[PDB]
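Data block for protein-v2.txt (compact mmCIF, C-alpha atoms):
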```txt
# COMPACT_ATOMS: atom_id res chain seq x y z
CA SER U 218 0.00 0.00 0.00
CA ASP U 219 1.53 3.30 1.16
CA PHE U 221 3.63 2.07 4.09
CA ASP U 222 6.66 1.82 1.76
CA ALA U 223 7.73 5.26 2.99
CA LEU U 224 7.31 3.86 6.50
CA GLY U 225 9.78 1.12 5.64
CA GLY U 226 12.21 3.69 4.27
CA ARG U 227 11.88 5.84 7.37
CA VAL U 228 12.58 2.83 9.59
CA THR U 229 15.85 2.33 7.69
CA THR U 230 16.59 6.04 8.11
CA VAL U 231 16.18 5.86 11.88
CA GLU U 232 18.16 2.59 11.95
CA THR U 233 21.11 4.34 10.33
CA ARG U 234 20.65 7.41 12.54
CA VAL U 235 20.91 5.37 15.75
CA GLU U 236 24.25 3.91 14.70
CA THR U 237 25.47 7.31 13.51
CA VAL U 238 24.67 8.89 16.89
CA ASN U 239 26.17 5.96 18.78
CA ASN U 240 29.48 6.02 16.90
CA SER U 241 29.69 9.82 16.97
CA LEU U 242 29.19 9.99 20.74
CA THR U 243 31.38 7.02 21.63
CA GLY U 244 34.14 8.68 19.62
CA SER L 218 -5.22 -1.44 8.84
CA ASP L 219 -3.61 -2.43 12.15
CA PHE L 221 -0.09 -1.10 11.49
CA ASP L 222 -0.91 2.54 12.38
CA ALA L 223 0.23 1.64 15.90
CA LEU L 224 3.48 0.62 14.23
CA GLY L 225 3.45 4.02 12.53
CA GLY L 226 3.23 5.64 15.95
CA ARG L 227 5.96 3.51 17.48
CA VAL L 228 8.35 4.32 14.64
CA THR L 229 7.74 8.05 15.14
CA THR L 230 8.23 7.87 18.91
CA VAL L 231 11.52 6.05 18.29
CA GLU L 232 12.51 8.59 15.61
CA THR L 233 12.14 11.36 18.18
CA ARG L 234 13.63 9.23 20.97
CA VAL L 235 16.91 8.89 19.07
CA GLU L 236 17.08 12.67 18.74
CA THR L 237 16.32 13.21 22.42
CA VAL L 238 19.00 10.68 23.39
CA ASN L 239 21.52 12.40 21.12
CA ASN L 240 20.74 15.83 22.57
CA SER L 241 20.72 14.65 26.19
CA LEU L 242 24.04 12.82 25.93
CA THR L 243 25.82 15.48 23.88
CA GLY L 244 24.76 18.01 26.50
```
Would you put the structure from the file into structure tokens?
Amino acid sequence: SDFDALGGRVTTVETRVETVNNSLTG
Amino acid sequence: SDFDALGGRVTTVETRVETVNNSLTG
């Protein structure tokens, strides 16, 4: 249906979590 | 359908990651 953008946004937040984690642990 | 609750959980996580980033970087 239209939850394809929802699936994209989940991947976005998945990448963002790792980005924040590695930035702050650095 | 019944994934709008999933659409709310993804948004609350998408703002939770930002609040975690801001709280820890502070």
In Å and to one decimal, atom CA of residue 238 of chain U is distant from atom CA of residue 223 of chain L by 25.5 Å
To one decimal place, how far is atom CA of residue 231 of chain U from atom CA of residue 228 of chain L in Å?
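Result for atom CA of residue 231 of chain U versus atom CA of residue 228 of chain L: 8.4 Å, one decimal.
Selecting chain L residues within 8 Å of chain U and counting only C-alpha atoms yields residues 225, 228, 231, 232, 235, 239, 242 and 243 of chain L.
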